[PDB]
Every structure is written in structure tokens, then in C-alpha cells.
């Protein structure tokens, strides 16, 4: 068994006194090695005797979905392990280490005494990924096979502090375990004075003195799992079985533990399995749902919106090419991505990919390097080390305006601003892209719609001159859906058809009877075009009718020749019995693809939402964009009023500076006093010149007060009359813009509808420019 340092005096007569430390990873392995190799000067703490160490190798395989429970009709319920379940390395290694067998029920004391270890202790990072997923899977495995071990306290975990607050002059921390508990303590505290807060997002984050202090009290922080009667149904719901049983379980939200329950947990270290599944596992499931399911407003997940915000910040100053690993490091540093860089780099590569049938029809990045062709389905991309990306600055700036970004709700990580909670683009991305992802109860599949039907719908909704504007609003009222929405034909030489309530994409083929070669030039929408030939070479009877398959397709195009038997050409027609929707050759070559859509997204609040059609998603996305435009115009009006009054005061001071002559006043106090005496308005120029994320009410409440720094901070060069004339012209331009904004707020359909129209035209032009340049705008 690899990554297993055997504990001495284990497996013998003293085996009942030995514990096995199951680590979720190698960082936990290193922490355990340090703690157990403390050795001398720490006799109370454990050493490698009576303490074995084993790694779980990340998450483990869910055995609830592997067991079959067949042939229980013989009077006994026998459970048969899957061959994939039998051949797993980590589970069989754990079974070998413990010396346990599946056939035996560990009822009496002797059966447990047969074990090679007294108990198994799990050490995982104090986070959702590991405390609720890895530990949850391990607990489910043990409950599924040997419930008596959990009942008799064979399974336990070592609990580590997530957050430590140190008060100055005191060496003991508060070691809080959950974010909610720490927040409650902080709000209970009068102030955070002389308090240093440290977050341990992983076991390896602990320091040498910290791990020494932990292992000094290693007899503590060890909690035994207990099995209740209600735990069976919870284990069945969360792991294994039908997905729907957990769907209705994951649409509610995590119920926090009562104070009495937490007090019982900490007083005596006996964690019920039901409570663990209710809290930690459910929290992990909800987080994974919010992490792997896109938000319908921006059509992109937390990872991809985080990447987009990081790219916007990184490439704003200069659009120079950046290596994928460097950009991922920048995103993790600035956007507070605390998971890793393998998945982040993979997500960046996927976001920057662009080929026929790729997931992203309008990528947010332009990629320099080899990002993979349609033939490998994006799997042939090069390493992130030697691959560069750039921000599609014009497409993003026309699709995600910065002024909109200023007014979006934002996610705050540890009190610091991070990527926005959601973006509200001028056009719905959730309808314009492809995707097929499972996530802990819900599957997400989306097929992109044409960028002619969506444009028509949005323009008819916004433009009052559109003849279908009133009809479209009535459709919004009563869900008529008068205008059509159709799958995108871009980069697809086949043809889409609709039968019943389903769409099918067909590849095209050429038959040369005299040459007896079948030429296929376009395959279904998202087939990898290389796994396709493997599928057609593995169909037993399909391969019998043919002799050779050669792939002459270059990049971006498909051209495959099939040499078949001379007498089979008619026989195939007799073999497959073509229907009205697919031909005999299409049936033979699997050229038809039924496209299914699972329109499951996450709400802006954080829940799950399911749409029956793409019209519903569009109708849900419309009001958010309307309200964003309206509030953006209102904020622009307010800030422009403030800027006009500030600039008028500035010009007045520039005019009167000769008369005032503040060169003979003591300091800023006297100068501010005399400026207030002369009637100059007090206002904080920092907020006026840059409101940033300032709402209307706070903008007003902060601009009503302030200092006279605007007057004091202006340089001598601004006193020249040319600068004053430029300032006056700027005031005229700003007041004209203010009048235009006031006109915009009174527009007939809704405020800012015309601005939405020009934005739509600009983003359409940018998208066309991208399409006709292979998404290489240079």
C-alpha cells in the first residue's frame, strides 16, 4: 500500500491501542509527519507508534452507487461490490491496512479485536471540500458496509481550527471552527483592537509552533462519530440512489446547529452522523451547486466570472499577452481564489478556446498558442506554461460596460472586495453558449441560440419603433412567445430540424456509388469528430458493412472517407430501415444528434432555478438589465450634478484667487475658514471625481459634507487663463450631458432604452468583427 507508513506495534496484541490517520492529501500527510516526529520533548503527544498514517488521495469513490444488492431473494440480503468498486486502489489499500473483511459483521467485541487498528481518524481541511465531501464519502462507505463500526465508535475525526484570533499579550487563541461562529463572535465583540485574525484554509497553513501546540493536546480535538436511527435515510439521500431524492433536499438551505447541540458536541466529542450530513455535507452540496451551475444573468459560473473580473483588472492597463499560469496566479492573488491553480488554469484554457463546436461561442479571451482543435474536443491544448492569453478588450467593453460594473452587487471575501456577485451583460450569455455539466443534483445543458432571433427579441422589447414592441410586451405579460428562438447555425454546415418537442442536428454526407466511398463533411453539433470514428469503429455490425475509415479532415473542417463493401451499399438501406426524420446512411453513420437542454441555473440570491424554455430565461434576464440601466442613469445624473457644482466653485476660486491671496494665511484651518466665509461650498473632491461603488443615498450623504481640498489641491498651472477657459468649456459640456441624461430618464418604454439600443448595435458590430476574424481581432 502506497503512502502508508505502518505504525509500529500495530496489528498485534496491542493493535487495539493504535489509530490510523486517514489524510485527504499530502499536505495533511506532512502535518501528521511533523506532529508524530515531534517525538522527544513532547512525551504526552503521540508518535509513529500507535498512530498509522494513510492518504485518501483527494476525494474517494462513492461506493453507494457501486454496490448492487442483487439476489437478496435467497433469504439473506447479499450486497455485491462493483468490479470498479473492487479494483479501486485507495479503498482496497485501506481495507488491507485495517485487516477488515466485507463478509463479517462486527457485532461482538472479538470481531472488532480482529482489526489491525483500534480506530480510524480522518484529518481533512476545515472547509466544505473535505469536511462534508471527502469525510462524507468515507462515512458513507463505512456506514454502507460496516454500520457496527460507526455504532461502536470505530470512526472518528480530528478537528482543526478554521480561524484563530490572537489578542495581544495572550498566547491562547479563540480557535473558531465555522465562519458563522466567528462572525457572531466578532459582532459580539465591542471592537477588533489588538486582535490578529488568521485563516487556515488548509492543514498546511498551520505553522510549526501552531502544530506543536495542536499535537500537545492531540488527545483533544478528536471527535468520534455516532450512528443514529435517522442517519440511514440521510445517507441514502445524500449519497447513492436517485438524484431527485436529493433535488428536493437541496432546494431548502443549510439549517445551522442549535447552541445546545454544539455544546453537546464540544463537551463530549461524539458527533452524530445525521448532524454532520445535515450541516457539512449539505453546505458542500450547496456550494458545489453554486460553483458548477452558471448564473442565468451572465451565463457563467463563479469560477468564470472570477476569471473575467481578474482579466478585466489585469489587462485594463495593457493588453500584453500573459502566460496562462501567470494569469491564473494573478487571478488567485487578486480575486481570492483559494482552491488551487490546476482547475483555474484549466478553466482559463477552456474560456479562451475557440473552435467549431466549442463551449464558448463568444470567448472572453483571445488565445495565443495551441488551445486545441475540434478533433480532440479541446483536449489537445498545450500546457498552460507555454500558452498566452489576451483580453478581448473591445468585445468585453461593448458587452460588459464598466459603468455597469460600478453598480453591480459584489462578493466580499474576508472583508475585501472581490469579483462581482453577477454580471448583467447587454445580451444574455446563458442563451448564447454551450455547456453540459453535472452538479450535485442538477444537470446543466444549454444549446446556443442564433444571434439573429435573440437580437430581434431584445430590439423589439427595447425599441418602441419596432412593429412587434406592443405584441412582445403582451407576450411578456401572458407568455405567448410570438417570435422564434432557434439553435445557432454558426460553424455548422449541417441542418437543424424540429420534431415533436426536440431539435436534431444532422451531419451531411456524400455518396459516390461508382466510387463506392461515403464522404462525410459535417458531423453533429458537438461530437469530437475523433471519438466519433472510435464509436463507429466499435459498433459491431456497423463495422461489418465497411472496410476502412480515413480522416482527411484538417483543422476547423471535417472530411472523412469511408470505404465499404462493394455489395453492402444497398444492404445498409435494408439493414437500418430509415425513418422520416433520419436517412438510412444517417442511421448507419450516427449522423443525427438529438439536442437536450437542462435549463438549470442559480439565482442571484444563491438558490437554484429551473426554466422550461429559453424564452423564460430571456424574460427573466430582461428586467435586471432594465433596472441596471435605470439606476446607472440615475447615478450618472447625481454625480454629474455634483461635478458641475464642484467645477463652478473651482472656476470661481480660480477667478478670485488674486483677490483672496491665501499666501498670507497660517495653515489649512485658516484657509478653510476664510473659504467658508466667502461662501465656497464644502465637499469631498475624492468622491466627486471618483464615486466608485457609491450608491445614490451614500453619494448624497457624503457629498453634502467634506473639506475644501479641491481648492487647496489644485496646482499653480491651473491658474492660467487657458486652463480656466478649458474648465468653463468642460462645465458647458457636462451641463449639456446632464440635460441629455434628464431627457434619457423620460424615455417612453423605460429610462435608457435608447442607450441600450446603441449598446446592442456596438456589441453586435464587435461580435461580427470577431466572427469574421476567427476571433483574432488583430
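Numbering follows the first chain given and starts at 1. Here the rigid core means the biggest group of C-alpha atoms that line up within 1.5 Å when the two forms are laid on top of each other.
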property	result
Higher-deviation stretch (C-alpha RMS, rigid core fit) in 8 other deposited structures of this protein, choosing from 461-469 and 542-550	542-550
Segment of greater CA departure in 8 other deposited structures of this protein, 506-514 or 376-384, core superposed	506-514
Across other compared entries, residue 691 missing in at least a third	no
Residue gap status of residue 62, at least a third of other entries	yes
